[PDB]
There are 2 protein chains.
Amino acid sequence: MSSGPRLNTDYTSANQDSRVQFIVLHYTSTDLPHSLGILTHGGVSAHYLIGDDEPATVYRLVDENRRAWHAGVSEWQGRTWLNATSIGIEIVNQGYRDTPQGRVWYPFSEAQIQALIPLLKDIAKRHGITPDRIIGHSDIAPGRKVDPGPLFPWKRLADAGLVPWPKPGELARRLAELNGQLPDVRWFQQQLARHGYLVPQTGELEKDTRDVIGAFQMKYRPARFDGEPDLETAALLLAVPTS
Amino acid sequence: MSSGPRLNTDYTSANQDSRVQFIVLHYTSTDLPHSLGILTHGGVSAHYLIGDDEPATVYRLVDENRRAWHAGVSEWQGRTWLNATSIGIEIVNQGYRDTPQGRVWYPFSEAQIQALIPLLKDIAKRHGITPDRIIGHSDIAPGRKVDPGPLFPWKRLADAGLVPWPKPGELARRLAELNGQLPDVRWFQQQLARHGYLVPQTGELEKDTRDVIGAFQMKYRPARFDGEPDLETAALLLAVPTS
Ligand SMILES: C[C@@H](N)C(=O)N[C@H](CCC(=O)N[C@@H](CCC[C@@H](N)C(=O)O)C(=O)N[C@H](C)C(=O)O)C(=O)O
Ligand SMILES: C[C@@H](N)C(=O)N[C@H](CCC(=O)N[C@@H](CCC[C@@H](N)C(=O)O)C(=O)N[C@H](C)C(=O)O)C(=O)O
Ligand SMILES: [Zn+2]
Ligand SMILES: [Zn+2]
């Protein structure tokens with residue numbers, strides 16, 4: 001009658017979707033109570049935490065409509081600073097330990113994977129998230145972050161239709177395509193960018209490129225992820241789908 | 001026997017904020033009825049539309065928790081693809097017309113600005129949006145987009161505390177520092193990046209850099225926005241505060 005702003009809400013647009021475009025997977029590197037302490041009072045956070053109990057409890061720590069602080073400096077498919085456009089999922093797991101013999105990793109329990117798969121399907125359906133956008137911290141921050149690490153069972157997620165994975169026989173077919181001929185470093189950089197990685201395009205194999213090759217290997221060829229180009233890695237860069 | 005994944009909600013994180021980090025201003029380039037139409041079923045959308053009536057009606061077309069399709073290819077402060085992390089506000093305004101004497105824009109009405117300022121204060125308070133992140137389409141897509149254009153009254157927003165603006169006397173302080181010496185093009189590029197613009201760092205004044213210099217000029221020095229470096233523009237790059 002009439003002061004205040006008083007919006008007109010009679011019209012709504014058909015052309016809109018979710019602010020959440022990506023799901024990022026992490027491990028905690030620590031025990032469950034400590035993990036909860038860090039994720040609730042320690043300047044980082046995530047939307048979901050998956051415990052190490054059986055069945056594996058799923059804790060909601062941040063509402064999906066809020067920005068949790070899990071991705072940091074990050075890029076996927078040209079999208080930077082992913083916190084604002086992602087859901088973060090943390091899994092209780094020791095990560096790695098450095099030993100005088102070398103760096104060791106700790107496996108994930110079957111109960112955690114059985115909690116994770118239905119959680120991911122639910123999130124992906126509600127937000128329209130495609131398999132190529134369900135990724136690891138290591139994919140979005142190569143070299144800087146190595147979670148969820150070489151023991152994370154990506155193939156179990158792929159079996160459930162949640163992440164890309166070579167179809168049966170494809171790795172062999174692409175290896176046959178290359179026919180012993182290792183592509184140059186620029187080609188590897190081009191392929192990695194196509195899959196979504198931030199990578200240099202200098203044609204030179206420096207640490208910043210090695211780290212990205214290594215992140216891709218840690219996910220798809222975890223037997224060796226030193227970032228050295230080889231035929232098997234080239235073949236995977238061709239065989240791994242982008243959908 | 002389940003209605004979805006079971007969640008434990010016993011705990012909540014102190015480390016979270018809004019997914020909305022930016023507000024982007026546009027004009028429609030068309031009249032009220034077609035603005036409403038296009039922004040509700042024409043393949044694009046925005047959260048708010050400000051009409052050209054008196055007083056000006058504000059329409060909410062997309063809920064703030066949803067992604068509207070207004071920014072397109074975009075970058076601010078290193079954040080790309082800004083739709084997911086922005087609120088878009090469109091203002092009914094014809095934009096510009098081309099004439100042999102040059103491009104001519106249409107002014108905004110008093111009623112529109114009087115509606116816009118309290119809307120911006122409300123959104124900024126609720127989402128914690130800082131003044132440096134209330135920007136124009138031209139800022140995030142320099143060259144490609146020129147809205148809200150040279151007639152948009154930025155200083156009025158600045159007087160309301162919504163956008164950065166030089167303190168009185170600071171432009172004069174900076175003009176004096178420069179002492180009649182025009183910094184080189186690379187210096188212009190470095191300053192523009194600091195302000196948040198996507199800009200080359202080549203030291204060369206080619207179209208891509210000129211378009212960015214011009215976007216900055218269009219906002220702070222709209223008398224001339226041809227993208228040519230000059231002492232006034234240098235002084236503004238120093239005098240306009242970060243944040
Ligand atoms: C979740 C946990 N395993 C983890 O520690 N992740 C961190 C996340 C850190 C993060 O996202 N931290 C937030 C707040 C940073 C606060 C302050 N240190 C700052 O730089 O402003 C952030 O990076 N937010 C930025 C600003 C953003 O998303 O835009 C990492 O990748 O490094
Ligand atoms: C709102 C209006 N002023 C406008 O025309 N803006 C457009 C951008 C529209 C926009 O953001 N458009 C979306 C894609 C919409 C998809 C639609 N074309 C369809 O599939 O039917 C986009 O760029 N989204 C990108 C991908 C993103 O934000 O990630 C511009 O800057 O050029
Ligand atoms: Zn992580
Ligand atoms: Zn626009």
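Chemist: Report on the interface of chain B and chain A, specifying residues and quantitative values.
Modeler: If you look at the interface, chain B gives 47 residues, while chain A gives 49 residues. Three residues stand out in chain B for area buried against chain A, namely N15, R19 and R67 of chain B, and they jointly supply 21% of the buried area on that side. Across the chain B-chain A interface, the total number found is two salt bridges. Taking the shortest distance from any N to any O, the salt bridge between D17 of chain B and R67 of chain A comes out at 2.8 Å. If you look at where chain B meets chain A, you find 39 residue pairs in polar contact. Elements with a contribution of two residues or more to the side of chain B that touches chain A: β1 (16-18), α1 (32-41), β4 (58-60), β5 (66-68), β7 (79-80) and β8 (86-91) of chain B. Looking at which element gives the most residues to the side of chain B that touches chain A, the answer is α1 of chain B, with four residues. Among the residues forming the side of chain B that touches chain A, the class breakdown is 17 nonpolar, 22 polar and eight charged. One ladder, built from three bridges, connects strand β5 (residues 66-68) of chain A with β1 of chain B; its direction is antiparallel. For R67 of chain A, the partnering residue across the bridge sits in β1 of chain B and is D17 of chain B.

Chemist: How would you summarise empty space enclosed by the protein if you had to cite specific residues and measurements?
Modeler: A water-sized probe, rolled over the atoms, reveals where empty space remains. Residues and elements named next belong to chain A. Scanning all chains against the criterion turns up one cavity of 30 Å³ or more. Counted as a void, the largest cavity has a volume near 30 Å³. In this structure, the largest cavity is lined by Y27, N93, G95, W105, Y106, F108, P148, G149, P150, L151 and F152. Within the lining of the largest cavity, the residues separate by chemical class into eight nonpolar, three polar and no charged.

Chemist: Talk me through the UniProt feature "binding site: Zn(2+)" (unreviewed entry) in chain A; I want residue IDs and the actual numbers.
Modeler: Residue and element names in this part refer to chain A. The UniProt record marks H26, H137 and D147 with the feature "binding site: Zn(2+)" (unreviewed entry), using the residue numbering of this structure. For the annotated residues, spread through 122 residues, the largest C-alpha to C-alpha distance comes to 6.0 Å, consistent with a single compact locus. Along the chain, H137 falls in helix α3 (residues 137-140). Taking relative accessible area as the criterion, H137 reaches 4% and is therefore assigned buried.

Chemist: Any details on the coordination of the zinc ion (ligand 4)? Residues and values, ideally.
Modeler: Six octahedral donors around a metal ideally make angles of 90 or 180 degrees; four tetrahedral donors ideally make 109.5 degrees. Residue and element names in this part refer to chain B. Here the zinc ion (ligand 4) is held by the protein donor atoms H26 (ND1), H137 (ND1) and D147 (OD), which lie 2.0 to 2.1 Å from it. Donor residues binding the zinc ion (ligand 4) come from one chain and are separated in sequence as H-x110-H-x9-D. Taken as a pair, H26 in strand β2 (residues 22-27) and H137 in helix α3 (residues 137-140) lie far apart in primary sequence, 111 residues in all. Taking relative accessible area as the criterion, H26 reaches 1% and is therefore assigned buried.

Chemist: Tell me about the coordination of the zinc ion (ligand 3), and name the residues and values.
Modeler: Residues and elements named next belong to chain A. For the zinc ion (ligand 3), the protein coordination sphere consists of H26 (ND1), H137 (ND1) and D147 (OD), at 2.0 to 2.1 Å. On the primary sequence, the residues serving as donors to the zinc ion (ligand 3) are separated as H-x110-H-x9-D. Here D147 lies in the loop between α3 and α4 (154-159) and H26 lies in strand β2 (residues 22-27), a separation of 121 residues in the sequence. A residue is classified by how much of its surface remains accessible, and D147, at 6% relative accessible area, is buried.

Criteria and thresholds
Residues numbered from 1 in each chain as written, not as in the entry; some residues may be left out. Chains lettered and ligands numbered in written order. Heavy atoms only, no water. Contact = heavy atoms within 4.5 Å. Buried area = accessible area lost by both parts, 1.4 Å probe. Salt bridge = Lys/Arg side-chain N within 4 Å of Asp/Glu carboxyl O. Polar contact = N/O pair within 3.5 Å; in protein donor to acceptor, adjacent residues only side chain to side chain. Helix = DSSP H or I, 4+ residues; strand = E, 2+ residues; numbered from the N terminus. Nonpolar A, V, L, I, M, F, W, Y, C, P; charged D, E, K, R; others polar. Pairing = 2+ DSSP bridges. 1 Å grid on protein atoms, 1.4 Å probe; cavity = no way out; pocket = protein on both sides within 12 Å on 5 of 7 lines; lining within 4 Å. Points joined across faces, edges and corners; volume = space filled by probe spheres on them. UniProt positions renumbered as here; feature names shortened; annotations may be inferred. Buried < 20%, exposed > 50% of the residue type's maximum accessible area, 1.4 Å probe, protein only. Donors = N, O, S within 2.8 Å, 3.2 Å for Na, K, Ca; no water.

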